[PDB]
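Presented below, as structure tokens, is a lone chain in the form deposited without this ligand.
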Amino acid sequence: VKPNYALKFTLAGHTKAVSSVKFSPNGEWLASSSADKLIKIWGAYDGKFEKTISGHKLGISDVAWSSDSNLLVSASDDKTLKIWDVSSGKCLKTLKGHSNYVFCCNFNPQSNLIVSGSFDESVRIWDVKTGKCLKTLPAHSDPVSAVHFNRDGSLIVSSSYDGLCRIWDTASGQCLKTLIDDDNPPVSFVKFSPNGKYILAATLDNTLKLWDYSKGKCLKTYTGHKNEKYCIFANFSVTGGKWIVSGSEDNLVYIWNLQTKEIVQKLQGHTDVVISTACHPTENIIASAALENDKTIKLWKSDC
């Protein structure tokens, strides 16, 4: 059983590298963020351009949707996050307090908190309603490459160039677990599985790993792609077959069978590093996006 993702749309319009694409939780929209300082909204099913959202004064490294698909948060080199009203395009809040580039961000499922990670080596937890920073976690000893809440919001996972993945108690901010590798390769991405029991972690040694983080046991490894330089998003795909999806520095999207670890498909067509991939919440649809020689987003569809 292998998927058959086929190219449906190429979305042009960003004028610098794309940095992150994410589907809205309600499946209607794709948001893209870019080094060109802009967010763009596109229809997930017909690829139609909807609007541009602007206001950051330097480039954007990540964007994320609220659980009701009504808000976005973005992380920028301008040391801020911004909360946006998707319908109006207006910046509702500017989140100030990081002292270097903000690299990654996410809402919790309740969507009353935002978590951010920064080049300043901290993880910050923010109140969505007020914009106040509630906690600053001294999370890592090098830039924080990813932050993610688990299914009920009670845990945060963070990853860093320092080689570590850490699990944090959201309520108290205390570190519950540190995952370590003896070779300490930079960890360039992490996220919880949809059910919250596992974490998927990328390291800059061309390797993805599935961890049972409570036992501290690596259950699966995925290889064959190229990832030595960039913080590339990876994903669980669960709408059809159970896959792992990642970008690659050889300009391809890689798809693996989660359980067997075999590569089941490679998607060709981008002309630069595929920095970001996203999986649609209900349809077998992948969004992918690439760096400066390409600057496009592609939408792909599979029958499984």
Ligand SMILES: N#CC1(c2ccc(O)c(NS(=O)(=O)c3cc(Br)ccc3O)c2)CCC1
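Just so we're on the same page, rigid core means the largest C-alpha set that superposes within 1.5 Å between forms. For every residue, the number given is its place in the sequence shown, counted from 1.
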**More variable segment, 136-144 or 180-188 [Cα RMS over structures in 9 other deposited structures of this protein, core-superposed]** = 180-188
**Item:** Mean C-alpha temperature factor, higher of 213-221 and 152-160
**Value:** 213-221
**Complete:** Entry B factor averaged over C-alpha atoms, 173-181 against 222-230: higher for 173-181
**Prompt:** Which of these, 83, 147, 114, 134, has its C-alpha atom at the highest B-factor, as the entry lists it?
**Reply:** 134
**Message:** Looking at 74, 188, 87, 118, which one carries the largest C-alpha B-factor according to the PDB entry?
**Reply:** 87
**Message:** Splitting the chain's C-alpha B-factors into thirds, which one does residue 298 fall into?
**Reply:** lowest
**Request:** Within this chain's modelled residues, let me know which third the CA B factor of residue 62 belongs to: lowest, middle or highest.
**Result:** lowest
**Complete:** Chain thirds by Cα B factor, record data; residue 247 belongs to the lowest
**Request:** Report the third (lowest, middle or highest) to which the CA temperature factor of residue 270 belongs, ranking only the modelled residues of the same chain.
**Result:** middle
**Prompt:** Lowest, middle or highest third: where is residue 261 by Cα B-factor in its chain?
**Reply:** highest
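The form solved in complex with this ligand is left out here; the points below concern that form.
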**Request:** Give a yes or no for residue 26: in the entry with it bound, does one of its heavy atoms lie within 4.5 Å of a heavy atom belonging to this ligand?
**Result:** no
**Message:** in the entry with it bound, does residue 193 come within 4.5 Å of this ligand, counting heavy atoms only?
**Reply:** yes
**Asked** If you check in the entry with it bound, is residue 266 within 4.5 Å of this ligand, heavy atoms only?
**Response** no
**Request:** Look up in the entry with it bound whether residue 65 has a non-hydrogen atom within 4.5 angstroms of this ligand, and give yes or no.
**Result:** no
**Item:** Option touching this ligand, based on a heavy atom within 4.5 Å in the entry with it bound, out of 83, 210, 155, 137
**Value:** 210
**Complete:** Partner contact check in the entry with it bound: of 214-222, 122-130, 89-97, 172-180, the stretch with a heavy atom within 4.5 Å of this ligand is 214-222
**Asked** What are the residues of 253-282, in order along the chain, with a heavy atom within 4.5 Å of this ligand in the entry with it bound?
**Response** 258, 259
